[PDB]
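Residue numbering restarts at 1 for every chain, and letters A, B, ... go by the order of the sequence lines. Numbering of ligands and ligand atoms starts at 1, following listing order. Only heavy atoms go into these numbers, but all of them, side chains included; no hydrogens, no water, no symmetry mates.
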Protein chains: 2
Amino acid sequence: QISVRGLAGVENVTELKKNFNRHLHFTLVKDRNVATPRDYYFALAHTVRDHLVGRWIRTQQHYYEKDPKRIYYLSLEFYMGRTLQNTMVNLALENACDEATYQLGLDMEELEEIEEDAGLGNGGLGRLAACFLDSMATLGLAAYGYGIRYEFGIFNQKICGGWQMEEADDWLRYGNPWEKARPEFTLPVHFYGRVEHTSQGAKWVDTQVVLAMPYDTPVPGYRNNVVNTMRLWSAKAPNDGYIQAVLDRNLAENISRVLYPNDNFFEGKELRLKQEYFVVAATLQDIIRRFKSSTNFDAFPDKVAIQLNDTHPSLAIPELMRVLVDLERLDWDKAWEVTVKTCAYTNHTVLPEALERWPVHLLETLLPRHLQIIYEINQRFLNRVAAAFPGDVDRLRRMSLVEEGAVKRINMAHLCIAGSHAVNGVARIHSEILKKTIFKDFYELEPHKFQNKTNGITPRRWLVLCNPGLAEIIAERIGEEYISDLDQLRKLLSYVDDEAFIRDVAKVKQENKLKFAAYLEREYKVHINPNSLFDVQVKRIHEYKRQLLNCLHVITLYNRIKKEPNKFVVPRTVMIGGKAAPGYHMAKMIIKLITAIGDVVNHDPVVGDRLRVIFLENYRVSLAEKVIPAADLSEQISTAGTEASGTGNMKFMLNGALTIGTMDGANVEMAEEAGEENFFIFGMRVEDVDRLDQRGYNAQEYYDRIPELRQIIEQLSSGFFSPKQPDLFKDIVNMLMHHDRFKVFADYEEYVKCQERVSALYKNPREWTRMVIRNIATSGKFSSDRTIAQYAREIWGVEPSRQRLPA
Amino acid sequence: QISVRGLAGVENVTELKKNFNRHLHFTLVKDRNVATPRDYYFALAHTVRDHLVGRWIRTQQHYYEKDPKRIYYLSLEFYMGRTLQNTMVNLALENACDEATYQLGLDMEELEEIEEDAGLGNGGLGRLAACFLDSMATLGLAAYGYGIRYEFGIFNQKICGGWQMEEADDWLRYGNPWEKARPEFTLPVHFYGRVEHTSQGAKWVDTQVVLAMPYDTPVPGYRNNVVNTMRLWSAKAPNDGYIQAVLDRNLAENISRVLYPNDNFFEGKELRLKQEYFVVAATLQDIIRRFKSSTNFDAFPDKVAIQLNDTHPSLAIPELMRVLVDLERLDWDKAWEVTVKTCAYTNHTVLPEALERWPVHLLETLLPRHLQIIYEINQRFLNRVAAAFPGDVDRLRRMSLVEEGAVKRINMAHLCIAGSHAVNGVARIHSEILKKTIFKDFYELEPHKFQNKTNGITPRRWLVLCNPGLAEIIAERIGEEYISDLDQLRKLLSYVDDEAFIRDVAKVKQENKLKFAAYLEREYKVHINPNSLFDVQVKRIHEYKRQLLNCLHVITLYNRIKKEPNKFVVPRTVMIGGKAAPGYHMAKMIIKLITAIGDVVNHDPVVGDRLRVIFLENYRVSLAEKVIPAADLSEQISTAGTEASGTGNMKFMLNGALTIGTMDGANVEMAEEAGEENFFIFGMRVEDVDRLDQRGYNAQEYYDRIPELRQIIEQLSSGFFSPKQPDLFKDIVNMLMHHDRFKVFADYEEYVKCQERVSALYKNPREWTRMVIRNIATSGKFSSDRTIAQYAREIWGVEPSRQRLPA
Ligand SMILES: O=c1[nH]c(=O)n([C@@H]2O[C@H](CO)[C@@H](O)[C@H](O)[C@H]2O)cc1I
Ligand SMILES: O=c1[nH]c(=O)n([C@@H]2O[C@H](CO)[C@@H](O)[C@H](O)[C@H]2O)cc1I
């Protein structure tokens, strides 16, 4: 059907249908009359998986022989989503399988909807890890993603009376065709015990052993026949009254059972620290095992790179020291040199609540040797600081890896900076903030460590796969090369004045809206006007992301409608979606507020179809793949200084939505790339937030001077939005009025005005689309291929290569 | 190589090697240079499994269309062992795959040793269930085995300082290629709750739901292309602070986690009753579901047979009533008629400690409705009894399903008799015992219910598969038809005087001994003389099986050697093996005694290689497949009246061992079949045991009159066998002297004498072998094909058929 989807050979289609029938019969043990769509999905899934394996074995072989430097990406999260379409896309099978399946009388798109998301992550950070893997394979790096195989991923979100209910994401119920259990590479991981000192140095003894079993999942590059590996560890009990002993094996295996659902918030729970140590211990043995199969650790940093995705795998650092010092018997100083040259650290936040600080009484019980190593790292480090800023006792206490107070804590970020040769933020403004604020002392010590690597997304999933219509019309004009070289999108700038491209860009958008509006009605009782501006805010629910600000705009538009009912307004469907962590009380209330607003707004007959407020249930990767291509307006409205980068913001830019946003995170570079005239920027910059903090933020001031805002608070306070529980939202009004860390009211005026400007442009279809073209045409920078090539040259010291391997 | 192993086609061998390489590459994702023997096993396993599936789908199709009556075999145990060789045997692939694999430069026999036993059972009863399935498929019945998929089977037995250590049988670690998960047929099973009464009868409410997911494993008949199904249920939690809630799912899934290791001993534990209800609830829904896919339950008994393997699935009875009365709204009396016509019960014991008697306070909490139904069944039943024996208040209390006492109990055997149309023992003497003793009252009520179905074993596993040498020489003489018609073995009787057959039967035995003697040395440090008589007792360790009697013989032979050292004795390797249930203290001591005897006997230089005592570690199915073909003497020495049937006894008869045994269980019919001159029978009959019980058994009497016995007890008492712990065995001497329920000393004289006669015959090789021929030639009766054909005609009302289905 469409060109970017590859060829449908007469030989390829014929082969595909014969393997499909083979899998149905032999692998699934079904026949044509008993088979359900789920059996058909599986038959196709095994049939595509067959095309990978050849390439997988051949890639792993190549690396064994070329012996290049290896990249290890350690993360507690890999937010993968569905695998099948992505695999087809990367292998050029999409049109073949579509043909092959249609010939069998099946609809492939209907089959695709059956795959569970691999929801092994929470949001931004987990999904970055997934995009990065796609980019690393596409750039032919010998890269390995390591993590944990959680049996349960992020919970599925149900709304019930407008409240979130969590249920377990049992994603493996029907099996996962993509993974390959590798029980032969099972490795022990130790916990508790105690530390003994001999003539021959420290020994870690009387430990509990947990086994770590790996599962390998293939990671195909984009049409280069490179297939890299993602290795995820599962917890198993070792084999050594009786009934109870067998049942107790579960305790050990609980380690990999469930993903912690707290995003951008640290919870200091033991089970979590076990998970962190677990993935780090098994991964280093596996790394070292591979290194020995080429005694001499001098070349270890020329053969190994370890990238820490935030501080979650920070135990890599004392653990590599432990292995090098206690087991391999290198002297401390040489070990340290090796460690620092091997490791690098990416920070993804400056929010105090999000930083990991582990109580010492935890580490002592669980990992008594690592604590020792950490103390030693601390002592030697502080000696460097003292030597460089003599007499500065205050710097010494600020820089210490150990924090004093009611409970002593280890600050893990300090550990990562000390033990890594590079530290990087994830957008330019966020890297500057780190250097000016929380890591200012560290930067003064070793300015050479600090870097920036602005985030990107993969154009495979985020354009070719979720938006074939747009990818197609881009392809008509400029060819296909841009899929692995997104900078080529600039070429589209000479088409901004082209009446036919204009008409086509608008049409692709109108189709995605028509489809999404249907998907809304088919899977939920809704009814939305598809001529309206689609105003969407999708991301995890957090105070700093300021969903509440969006709510105040929505309430304002509604109050203005009710005030002058027969005045023309640009109609809108406001969609807000995302999950709250189960313990985040405020977050759960915001979801309730949102639906409570939909109950009033969506039933007011006076409002018509001019305003619809929808909360989108179960925001997840595969839901992002649908709503983003349908979006007109992207809401990126965090308080300046709090969104480290953002990446949804890039997904929307790439898919033809315009952005209303603050000068935060990667928004700053997006607007710089498209030009600020092509972006709706409002509100405080970082500097303004600081001026406000110095004076002190008093929200009453905005409530006294802005009558439209006063009215909303009064509606909230008095029960207008919860008629049966007048006081439902006293928590929200309370927080907004007395302890808003995020200054919602301070940006409200300027947000509303900026929203009026969006509405005005939307009234002129042609000029809206031309601005769209100017955004899409400048999104090249935000390709994760660009990002990874920067990591590769500036941190890992490997050369990317876009060269095909043979099939 | 050998004829019974099928053809090696030029096309079949070529096809097999291409699918082997396909599985290695596509399924296992290995290549020729990284593959281990374990990968090779798997490639072959998937390759043989491919030949089943065609036949499996086709068999299930046939049954859907012919709509025959269905047999459901409910068991808490299916002791399956390895699947691969059995599958090859039944499909006639053995020689092909052997050729195919040799051509690939592999040794198939070495590959076979890699498969885990499916040890989903304890011993006799579990293994009967496995033999029965093979027989049901071979006889073309539309039969289904239902059970539980335990994640851990019978523990692996290690000896450590001569004590048993248990470790977990983690049989699924590497995956099970034979099973097919069927998550689409998941069914709810309810627990706890309470009972409500409406206008419309009882309702069972506020229950906890556990999901039952099935796994199907193919059961191939012997060369008839019938492939039946064994369906095993796994426990899953339903999908509906948060961390802890996810981890707690494990509680629900614990139901199918582990097999109870108590054999011939009832433990009244909750977890066990949950398991019993679990398999029964899921199985009936599945049965009824299938019945509805043909409102009218009158024909239910013409379409369904349910066979209860002991009382373990006795809840089938009130559960079918529950479904029929509460859910389908049949009146009580019609339901009952249907139930009784559907169900039949096989008893496998008369040991009081082995009978299930469930505390009422358990059933009430767990299954409050079933208790009600059981009370109602009891009331109506006792009204029949009262009506038939009026005034006999003692019979009423003896026959009650409810036992009074400190705790009220439900006697489940009474439930099964009341609610079944047939009750059967498992050997002729055991069926007579039931009618004369424990079920005498029941029999007087309904003599027509009581039957006998003498156990059998399958000649596929127990001859063709574990003993190809002997199967081959039998085949030379009489053809192959006897493999599915074991009665044809009589024909071998005209070869008893044939010098060449004699020489061949002896040679097959000598080879199996040479192999087993090697297997001993290769896998353990041993050294055994392969010219010696191989004296083997393998079975679970129990007081009633009288391993202790064997020990007293062994000790006696040794004392006599030490008394006259330069006298000739027939040399012997005594091998004793079997597992003890983890809580059975006495049983664990016997194992210790046995090894303690090996430590003295096997190092006495005066003894030479004339006497060796070996304890065979980890007795299990696949170990039985090796030691039985190597055996000369089979020890079947339970006290008359306690071994319900025995089945090892038949395995040995079939494989050319002679039997020393008491007149117990199926020994009585084996000797009747071979003639008593061809059998070494010693000791009390049942009648003698009763005479003894009436007088009273006083063991001192034997200790005072038999000096050889007195000496052994003194050696045991004084520390001769435990020199560092003089008192190690005071428990044993104590029990033997004051509370031996099994009368070891009473049979000792007569056992020793009978053992001298065995030794005498062994001195004349030719006459030993002729007697061997007379045993093997009369084992036909003990084929489980004979047994199942009897169940089929006399209980289930279906006609067996040996007719091929087409391929
Ligand atoms: O716990 C976390 N969860 C996240 O989603 N991020 C996100 O990390 C993304 C990846 O860099 C950033 O775009 C984003 O701004 C940041 O919030 C960081 C932490 I630390
Ligand atoms: O818990 C049990 N375990 C067993 O192995 N059997 C056995 O059941 C076998 C199968 O009928 C008999 O041969 C044997 O005599 C009997 O002991 C019975 C019970 I009840």
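Proximity to B:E643 (heavy-atom distance under 4.0 Å) selects the following atoms of ligand 2: 14 (C), 15 (O), 16 (C), 17 (O). Against a heavy-atom cut-off of under 4.0 Å, B:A644 is close to the following atoms of ligand 2: 15 (O). Of all atoms in ligand 2, numbered sequentially from 1 with element shown, those under 4.0 Å from a heavy atom of B:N455 are 10 (C), 11 (O), 12 (C), 13 (O). Residue contact check: B:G124 has heavy atoms under 4.0 Å from atoms 5 (O), 9 (C), 10 (C) of ligand 2. The contact set between ligand 2 and B:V426, taken as ligand atoms under 4.0 Å from a residue heavy atom, comprises 11 (O). In the vicinity of B:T647, heavy-atom distances shorter than 4.0 Å reach the ligand 2 atoms 13 (O). Those atoms of ligand 2 with a heavy atom of B:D310 less than 4.0 angstrom away are 20 (I). Every atom of ligand 2 is numbered from 1 in the order shown, and the set under 4.0 Å from a heavy atom of B:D263 is 1 (O), 2 (C), 3 (N), 4 (C), 5 (O).
Using a 30° and 60° split on the angle between ring planes, A:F439 and A:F450 fall in the tilted class, from 30° to 60°.
In this structure, A:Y260 does not count as a contact residue of ligand 1, since none of its heavy atoms falls inside 4.0 Å of the ligand. The closest approach between any non-hydrogen atom of A:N264 and ligand 1 is below 4.0 Å.
At a heavy-atom distance under 4.0 Å, no atom of A:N122 approaches ligand 1.
Across B:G646, B:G126, B:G425, B:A354, heavy-atom proximity to atom 13 (O) of ligand 2 is greatest for B:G646.
Polar contact with ligand 2: present for B:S645 (N/O pair, distance under 3.5 Å). Looking at ligand 1, you won't find any N or O of A:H312 less than 3.5 Å from one of its N or O atoms.
Residues that satisfy the side chain to side chain contact (heavy atoms under 4.5 Å, CB included) test with B:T639, not counting sequence neighbours, are B:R546, B:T642, B:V689, B:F742.
Figure legend: A:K539 and A:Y619 shown without cation-pi pairing, the cationic atom not lying both under 6.0 angstrom from the six-membered ring centre and within 45 degrees of its axis.
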